[PDB]
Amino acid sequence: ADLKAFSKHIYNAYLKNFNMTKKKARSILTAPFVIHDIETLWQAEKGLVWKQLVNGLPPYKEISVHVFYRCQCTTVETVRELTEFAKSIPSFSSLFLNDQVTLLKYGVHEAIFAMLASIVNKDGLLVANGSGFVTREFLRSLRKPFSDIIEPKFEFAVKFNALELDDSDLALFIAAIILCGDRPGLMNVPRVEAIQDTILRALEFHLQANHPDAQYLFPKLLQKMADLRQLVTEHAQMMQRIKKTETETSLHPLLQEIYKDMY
């Protein structure tokens, strides 16, 4: 059907399902309590409202692990949102449920690291629904291997933010990431490949209207999708190293299901 109406339905599903949009994020980043060390982190854990109460975080262990647990909490919450967003797409919900799980399994991290740029600048990122701002420099200061899993996302993010997508672009781009026919173990590859093609056509149609003067932005974005696959590969490898060497660190079982059969 019409790609304009298609794009608009995806945009609405996005606004309906993501509490933090790039619009809101940039309105904040241009105030949040700044977290740049242990003291301000401690002040934040007492004065800021977090979706997940510390309380129920895995019992405390140390500062680098505590930050990791907050990262893991926000990841799982974003997987939740991405799942409802995908289900809010009729062609996704028409797939058999096992293919829906396959697509989410192998796509959510690519999508999540794409959306992360919306809440990032070169100096840190928003946390706790925009009420906090954690400094990139602080996160660099965590002990390995926790610092190493973080900085690569910043690098991708700052480059990705140079393309100046808005939320209406992102909605289509994230949909293209999820509805990807290359994922291992997909049952109905032709059906998923055909949905992906419609989304990609819609995306190019959208960028022509929304970004009339930006040449090469569509192929640029196709390359970011390739880049995101490599970012997630390396991320999954780092998470396997943490599972092996940080045996006291608690790993959410949903995320371990995601990494189970990755290499």
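Heads up, when I say rigid core I mean the largest set of C-alphas that superpose within 1.5 Å between the two forms. One-based numbering along the sequence shown.
Undergrad: Please pick 103-111 or 83-91, whichever has its Cα atoms farther from the shown form in 7 other deposited structures of this protein after a rigid core fit.
TA: Checking 103-111 against 83-91 in 7 other deposited structures of this protein, I find the farther stretch is 83-91.
Undergrad: In a third or more of the other compared PDB entries with flanking residues modelled, does residue 56 go missing?
TA: Yes.
Undergrad: In terms of residues present in the deposited sequence but not modelled, what lies between residue 30 and residue 31: none, 1 to 3, 4 to 9, or 10 or more?
TA: In the deposited sequence, 4 to 9 residues between these two have no coordinates.
Undergrad: Identify the stretch, either 73-81 or 157-165, whose C-alpha atoms have the larger mean B-factor according to the entry.
TA: If you average the C-alpha B-factors of 73-81 and of 157-165, the larger mean comes out for 157-165.
Undergrad: Comparing average C-alpha B factors as deposited, tell me which of 183-191 and 98-106 sits higher.
TA: Of 98-106 and 183-191, the stretch with the higher C-alpha B-factor average is 183-191.
Undergrad: Specify which of 230, 215, 52, 237 carries the largest Cα B factor in the deposited PDB entry.
TA: Most elevated C-alpha B-factor of the set, per the entry: 215.
Undergrad: In terms of recorded Cα temperature factor, pick the maximum from 209, 67, 226, 203.
TA: Of the candidates given, the C-alpha B-factor peaks at 209.
Undergrad: Residue 128: which third of its chain by C-alpha temperature factor?
TA: Ranked within chain, residue 128 CA B lands in the highest tercile.
Undergrad: Sorting the chain's CA B-factors, does residue 10 end up in the lowest, middle or highest third?
TA: CA B-factor rank for residue 10: middle third.
Undergrad: Name the third of the chain's ranked CA B-factors that contains residue 63, choosing lowest, middle or highest.
TA: Answer is middle: the recorded C-alpha B-factor places it there.
Undergrad: Taking the chain's C-alpha temperature factors as the reference, tell me which third residue 254 falls into: lowest, middle or highest.
TA: For residue 254, whose C-alpha B-factor we compare with every modelled residue in the chain, the answer is the lowest third.
Undergrad: Hey, what third does residue 34 fall into on Cα B-factor, ranked over its chain?
TA: As the PDB entry reports it, the C-alpha B-factor of residue 34 lands in the middle third of its chain.
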